[PDB]
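Asks: need a 3D model of the following:
(3 chains)
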Amino acid sequence: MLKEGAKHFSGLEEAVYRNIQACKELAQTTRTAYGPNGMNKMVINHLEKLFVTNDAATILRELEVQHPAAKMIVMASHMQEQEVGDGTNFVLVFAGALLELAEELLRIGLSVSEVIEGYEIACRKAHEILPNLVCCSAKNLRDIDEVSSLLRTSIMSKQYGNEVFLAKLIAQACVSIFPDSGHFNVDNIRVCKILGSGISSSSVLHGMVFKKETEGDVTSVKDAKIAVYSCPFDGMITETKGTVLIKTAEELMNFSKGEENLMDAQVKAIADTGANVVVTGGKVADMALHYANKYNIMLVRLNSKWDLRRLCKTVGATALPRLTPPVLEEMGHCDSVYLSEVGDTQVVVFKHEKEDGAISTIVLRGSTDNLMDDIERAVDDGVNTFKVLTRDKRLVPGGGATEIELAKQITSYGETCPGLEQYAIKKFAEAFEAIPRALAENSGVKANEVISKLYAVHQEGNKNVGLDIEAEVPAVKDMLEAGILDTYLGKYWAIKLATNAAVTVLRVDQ
Amino acid sequence: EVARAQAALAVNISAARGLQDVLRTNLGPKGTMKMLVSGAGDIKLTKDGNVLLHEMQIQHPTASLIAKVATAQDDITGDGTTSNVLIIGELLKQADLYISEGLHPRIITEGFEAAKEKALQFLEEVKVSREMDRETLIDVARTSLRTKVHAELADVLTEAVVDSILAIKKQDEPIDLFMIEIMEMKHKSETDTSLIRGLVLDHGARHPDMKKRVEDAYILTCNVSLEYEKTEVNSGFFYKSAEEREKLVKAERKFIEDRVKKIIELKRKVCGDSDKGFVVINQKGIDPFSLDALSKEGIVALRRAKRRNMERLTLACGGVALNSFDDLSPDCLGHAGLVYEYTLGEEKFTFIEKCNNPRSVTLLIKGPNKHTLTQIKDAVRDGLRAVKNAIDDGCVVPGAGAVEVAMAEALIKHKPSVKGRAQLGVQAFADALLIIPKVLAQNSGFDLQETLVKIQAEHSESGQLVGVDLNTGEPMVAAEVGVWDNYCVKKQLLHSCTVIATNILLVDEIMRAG
Amino acid sequence: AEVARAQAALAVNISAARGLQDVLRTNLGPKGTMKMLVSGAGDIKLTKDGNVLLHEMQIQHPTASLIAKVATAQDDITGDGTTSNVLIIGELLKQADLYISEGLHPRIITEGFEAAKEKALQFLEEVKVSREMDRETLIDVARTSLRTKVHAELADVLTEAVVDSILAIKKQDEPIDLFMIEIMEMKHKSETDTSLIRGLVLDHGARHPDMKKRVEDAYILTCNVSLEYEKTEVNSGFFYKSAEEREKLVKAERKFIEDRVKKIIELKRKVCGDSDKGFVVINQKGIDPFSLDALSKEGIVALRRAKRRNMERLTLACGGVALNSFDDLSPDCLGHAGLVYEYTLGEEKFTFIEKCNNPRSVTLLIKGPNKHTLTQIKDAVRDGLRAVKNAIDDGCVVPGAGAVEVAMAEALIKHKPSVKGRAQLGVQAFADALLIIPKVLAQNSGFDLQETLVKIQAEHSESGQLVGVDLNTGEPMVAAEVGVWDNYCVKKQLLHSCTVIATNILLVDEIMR
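Replies: Residues are numbered from 1 along each chain as shown, chains lettered A, B, ... in the order given. The structure is reproduced below:
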């Protein structure tokens, strides 16, 4: 500077060059991602485990950048994560690709502000021709093949080895309880990891799955409303210790008598109030167990933080610390409570049957919890792509098969308009080309060959490429007729948010 | 330890010169949005000249000085503060060339004085009377918002801003200082801005759907608590014995009971039918028990509203704010013609609109709760201050650097005072102005000299304030398009620029101070 | 090797060019100052004359070569104005910088200079007015032309003298002097002085008791080599290297001497009678004592030490033709000068020839005992003779001392072009370049440089007046009424030479090492 005021870390040379090179580094984790891939990115964070992901949301939040230009796009990606599932990766690569292309424009003698203008135009034309790239759509949501084709694309983006089993499984276990036409819930479906057994041994269970073992008798009543307490037992009286063992012998008699009579009252209050399944995140003593056998209450030994969380969202529950008798107020929408072993481990099964506020669970079985964390990305994106809130989801060619189509239309259109805008319009075509480049890099061959041979076949609306040997040399595969389809809504928000993100960040200079 | 004489002037010019760069890429709609993470590390989205100076960390005396004078301008107009810096910078540059050849600072100053008088009289000549119609308010509203946001989102905020000013005529204020309540809504898009006539409330009832359409609303705004639970208190702290605290718990709960009862008696006395509703807005809780009883009677009771909601209600509705309930006549309570509850996002906002005796309008901005929703807040802020000026003055000129070339042309030709002493500052004053139009051309990608010769010639032939069409960066008549500027914008760049310049110009020492 | 491209590279050129002109800014008018120049050869040259200062030694740059090249062109044609040239080029660049630095092209500024310049040549044709070629009018131009070169006192002595040199033409009007240059230099009592001697003066002379001091009918025969050796036109060898050799050289000089003197006494008798008119002989080498006795007695005026430079001039002045031998020559082909007289001043002898048949040679006699004075007064004469020479040839002369500069600037009126504005940048820069000439007089004098200039613009508004900054007080005035006018040639050749140079500087955007 020339000033000992006016703080900036961007501006001049650093806006034009440094910001773009940073966007480029974030978006390197998604030029190995999106559709067919074998990439795995390991990220640690002292979580006492290894975290394996090929999803943009977890990669992005971990990674901190000190520049507003790179930091801003992470928010746009999260926005597309809420409204839709898979395509999160596609949002960041697009914004990041467009920005590399942009800097080249700046070099020649073109101004920032027209280039900014020409993207808004290109984004509007691309969306306008987008529902004219619908080639296939669902009509029934209770039919497993029409739902699974959609699911498949989310799963694919993760690994290209787990596409077939999972895509069937989710549709089988239901995310079609809701009409998905005005209303859909995604906190009334979780992905619940059950350690043990293989991942083709991943199963269908309906309603809330909690891993913790069941103790005592089990209920099967319809008067069973859920009461949730984080800690309702710790010993009803805490000791102090004066002989550094007990305080002391006659007192130890009283400490035990008072625990057993207070726990009797507490557990009888639960029994009376209509709570016939109590979730204990505390500790089940013999005294507490002895009471719940008499009243006929299903008892859940232990809970961890993760298990408590799903009860408060789904039930409309609160998790109260207790050692003084309480009453119902957690309530529940669950009538039936059954008991069924998943993984050869005793699992607590909640169910009721309804459309709205109805529950389902894609439950998994896996060798380790790491293998289950990646699978989970595939599955949670597969629930979030379901949300469109129609039953005709207007499926457009998944897998990046749309991308070349958009690019061809846009480059021609660019020619027609005059001025400086058009160059940005052309660049806007070559940003879509990012997706065919990343699929080429994993496939094992250069960019020149794939983009040219997709262009060669003209208007197709099917063409995209895999990880295969078919994916390399003739560089032609059918991803309309392989049942690789994605939803119109998922591609819409991906392109929309990414164009908005690229324009705001290209403006900065402070 | 001192910078004296040439060394003192050198420090000011160098700073102005780096700054100028920044706040030209904020100038007009063709300027560029800016963010700070350089102010504190957190993510701000801002596109106003004053505001951006505060958010950063300014240690430089010349940058700081420009920020202080900026503060006054920002209050009155909220536009032209992107411009303030630009005119200051060039104004210094001109001076510097003469000094370096061999010129005294003081002769420069004198010719500034002469410059300022003529320049202000030019505003008076050239001003064009406008109406006070909607159409004419639309065009002050749209161009000012266009400065502070995009073109797309700005056109949405244009509608909201203009209906408010028409309503403020009804109160017969010639100013704005109310109808500036900005309220935020939770949404998944920002391309909506809705106008709500009366007020909006942050939270509604904790029990949904009590009577979420109120035909005839009698608003008691209270603020005493109807919930205080079962907690053991005495004077609001623990006391030595259990029992002493308890005794107060009974009387406190009992007090609450009677106040909830007064709502039941009040509905008969004011209402008498369920053909009329009754509105309660409590800024403090209400028991879940109390809501069911009230609800069947056909009363909507609101819990956890703010102190800002309460003051606004008392003005607009004609309401009262009381620390009691009791049995009060409808003469005391305010009335609103309509109440509707609109649930959107994760938080539901009860609207209390079509108030009788209003003086507050709420401009309800929907947005995702990112920094973008803060960006339309500060765009909307200065767009209200803009259309305020149109009501202040009678006359609004076509802008886009149309005004500024016209004023510069008038100075170059004759000596305004007829002396050579004045003349040396006068050249300097005229070229300083030219920065504003030429630079709109620069952002766009159209050479700056070419627009100066054209724009100036077309003034001469016509007598039209021909301006710049921003997007091409080529000239066009600023009147038709709607790129306009108030009397107050072009007045306040002029006053700020002169005063700020003459105190930095007239330095001769800068010596450090504890 | 290294290469500088684009506007960065152009900066390197213009910043240097501006800096040379800044140093030389000190000079111009008589309210300017001499600059001391020492090359690598010793000696103090005290010169304010820009052409002398550029050639003898100057700051290294690539633009150092350009300011000298145009100085070279200017001096050769006109022979004034080489100080003047420097300052306008500079000020042109300054203006051109502001626009390129904004984010503009060097080349558009350049094209606008060509348009701007063309209007200004045409401006000269109007503003000029015919003035006399009579002696006193040329005093008023001579006074001014001398003042832009050198200091006030030095300017005053030379005014009258320089006018009488150039007036003694045959109505032969040229821009420059070719043969009216004669430099004679003298270390004398008068510290600084210049004396007018009309006609060609000879470097030294011989004198004898019997010689004719005043000669009223001089038939010149111009000879070269020598009375030491017969049949020569270039000198013969010597013998003295041994003891024996000395004696021989002297002895056979008797034969050589004896053959020569005869020719001359027989020619004298045809032309003059016995002694009834006078006879002049030009020895350009030694004159032997034996021959000095005979020639002197006879009525023949011998002259000792003349130049090859005297020899050329003498031939034009007398109408005679050169001979390089001392021999007989026909009366016809001898020149006539109607007066020859020898003034012996100091330790030198100046023999004059007066009543020149054809005057295209005149002599100025430089006094100055000191080296520091001689260099000041002598170098003013040369640029002075050629300055006034331009005025006599020129039929029209232009008002002077920044009179025309301020007029041209205002007329050329901003916002007159509208073509693209490429012309507008140039015509605007060129306005401020001209106004350097006010500015540097004002700098030299009391008050601030622009403070005096705005009063000139104001007075210029009143028509019927050309107003500039005086050379002798630095105040506004009607230049015309005081008499301070400058020749046309300076003012015409200035425009052509300033525009081209500074045009090329902006065209350079690649400078290779």
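Asks: going forward, measure contacts and count neighbours with C-alpha atoms only.
Replies: Will do.
Asks: for residue 246, identify the helix or strand it belongs to.
Replies: In the absence of a named chain, chain A is used. For residue A:246, there is no host helix or strand (DSSP states H and E).
Asks: look at chain B instead
Replies: Using DSSP H and E, residue B:246 sits within helix B:242-266.
Asks: now residue A:410. Nearest residue, chain neighbours left out?
Replies: Among residues not flanking residue A:410 along the chain, residue A:429 sits closest, at 5.8 Å (CA to CA, 6 or more residues apart in numbering or on different chains).
Asks: now do the contacts for that neighbour.
Replies: When contacts are counted by CA atoms under 8 Å, 6 or more residues apart in numbering or on different chains, residue A:429 touches A:406, A:407, A:408, A:410, A:411.
Asks: got a list of what the second one touches?
Replies: Read that as residue A:407. Going by CA under 8 Å, 6+ apart, residue A:407 touches A:428, A:429, A:430, A:432, A:433.
Asks: isn't there a helix covering it?
Replies: Yes - counting by DSSP: H, G, I helix; E, B strand; the rest coil, one finds residue A:407 located in a helix.
Asks: look up how far chain C lies from it.
Replies: Residue A:407 sits at a distance of 35 Å from chain C (criterion: CA to the nearest CA, to the nearest Å).
Asks: then the last one?
Replies: Here the criterion is CA to the nearest CA. By it, residue A:411 lies 32 Å from chain C.
Asks: that residue and residue A:424 touch, don't they?
Replies: No - Residue A:411 is beyond contact range of residue A:424, at 10.0 Å (criterion: CA atoms under 8 Å).
Asks: who has more neighbours, the two?
Replies: Set side by side, residue A:411 and residue A:424 show more neighbours around residue A:424, with 25 against 20, by other CA atoms under 10 Å in any protein chain shown.
Asks: so which helix or strand takes in the more buried one?
Replies: Assigned by DSSP H and E, residue A:424 falls in helix A:421-432.
Asks: likewise residue A:20?
Replies: Counting by DSSP H and E, the element that carries residue A:20 is helix A:18-26.
Asks: returning to that earlier point: now find how far off-centre the helix holding residue A:424 is within its chain.
Replies: 31 Å (CA atoms, centre = their mean, to the nearest Å).
Asks: which is the next helix or strand following it?
Replies: Next along from helix A:421-432, by DSSP H and E: helix A:434-443.
Asks: name the residues that touch that following helix?
Replies: Contacts of helix A:434-443 with the rest of the structure, by CA under 8 Å, 6+ apart, involve A:30-39, A:90, A:93-94, A:97, A:400, A:403-404, A:446-447, A:450-451, A:464-469, A:471-472.
Asks: residues contacting the residue of the stretch 201-350 of chain B found nearest chain C?
Replies: Of all residues in the stretch 201-350 of chain B, the one sitting closest to chain C is residue B:345 (49.4 Å; CA to the nearest CA). Residue B:345 is in contact with B:185, B:186, B:187, B:188, counting by CA under 8 Å, 6+ apart.
Asks: quick one, what contacts residue A:193?
Replies: By CA under 8 Å, 6+ apart, the contact set of residue A:193 is A:363, A:364, A:365, A:366, A:369, A:372.
Asks: one more time with 6 Å, if that's ok
Replies: Going by CA atoms under 6 Å, 6 or more residues apart in numbering or on different chains, residue A:193 touches residue A:364.
Asks: wait, is it part of a strand?
Replies: Yes - using three-state DSSP, the assignment for residue A:193 is a strand.
Asks: how far off centre is the helix holding residue B:246?
Replies: 45 Å.
Asks: try stretch A:475-488
Replies: That offset, for stretch A:475-488, works out to 22 Å (CA atoms, centre = their mean).
Asks: what are the buried residues along that stretch?
Replies: A:475, A:476, A:477, A:478, A:479, A:480, A:483, A:484, A:485, A:486, A:487, A:488 (16 or more other CA atoms under 10 Å in any protein chain shown).
Asks: now those in TSV, with distance to residue B:201 and secondary structure?
Replies: Listed next are the buried residues of stretch A:475-488 as TSV, based on distance: CA to CA, whole Å; DSSP: H, G, I helix; E, B strand; the rest coil:
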residue	distance to residue B:201	secondary structure
A:475	59	coil
A:476	58	coil
A:477	56	strand
A:478	54	strand
A:479	51	coil
A:480	50	coil
A:483	49	coil
A:484	47	coil
A:485	44	strand
A:486	41	strand
A:487	38	coil
A:488	37	helix
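Asks: looking at those, which is nearest chain B?
Replies: Closest to chain B, out of all of the buried residues of stretch A:475-488 and judged by CA to the nearest CA, is residue A:488, at 17.8 Å.
Asks: give me the buried positions along the helix or strand residue A:104 falls within.
Replies: Secondary structure assigned from DSSP H and E places residue A:104 in helix A:88-108. Using 16+ other CA under 10 Å as the test for burial, helix A:88-108 gives A:88-103, A:105.
Asks: before we move on, back to that, report the buried residues of the helix holding residue B:246.
Replies: Residues B:245, B:246, B:249, B:252, B:256, B:259, B:260, B:262, B:263, B:264, B:266 are the ones in helix B:242-266 that count as buried (16+ other CA under 10 Å).
Asks: how many residues are close by the nearest residue to residue B:473 once chain neighbours are set aside?
Replies: Once flanking residues are discounted, residue B:473 sits nearest to residue B:441: 4.2 Å by CA to CA, 6+ apart. Neighbourhood size, residue B:441 [other CA under 10 Å]: 25.
Asks: name the element residue B:441 belongs to?
Replies: helix B:435-444.
Asks: hey, C-alpha coordinates of that helix in CSV?
Replies: C-alpha atoms of helix B:435-444 as CSV (Å, rounded to 0.1, in the frame of the first residue of the first chain):
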residue,chain,number,x,y,z
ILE,B,435,-13.9,11.8,-12.8
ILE,B,436,-17.5,10.7,-12.1
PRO,B,437,-18.7,10.4,-15.8
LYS,B,438,-15.6,9.3,-17.5
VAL,B,439,-15.0,6.4,-15.1
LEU,B,440,-18.5,4.8,-15.8
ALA,B,441,-17.1,4.6,-19.3
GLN,B,442,-13.8,3.1,-17.9
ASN,B,443,-15.6,0.3,-16.0
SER,B,444,-17.6,-0.7,-19.0
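Asks: following element in sequence after it, please.
Replies: Past helix B:435-444, the next helix or strand by DSSP H and E is helix B:448-461.
Asks: mind listing the helices for the stretch 101-250 of chain B?
Replies: Listed in chain order, the helices found in the stretch 101-250 of chain B under DSSP state H, counting those that start in this stretch are B:105-126, B:134-148, B:152-171, B:242-266.
Asks: what packs against the second one?
Replies: Pointing back at helix B:134-148 there. Judged by 3 or more CA pairs under 6 Å, 6 or more residues apart in numbering or on different chains; DSSP states H and E, helix B:134-148 is in contact with helix B:152-171, helix B:371-392.
Asks: same question, the first one
Replies: In this structure, helix B:105-126 makes packing contacts with helix B:420-433, judged by 3+ CA pairs under 6 Å, 6+ apart.
Asks: run the last query once more with 10 Å
Replies: Here helix B:105-126 touches helix B:84-102, helix B:402-413, helix B:420-433, helix B:487-505, going by 3 or more CA pairs under 10 Å, 6 or more residues apart in numbering or on different chains; DSSP states H and E.
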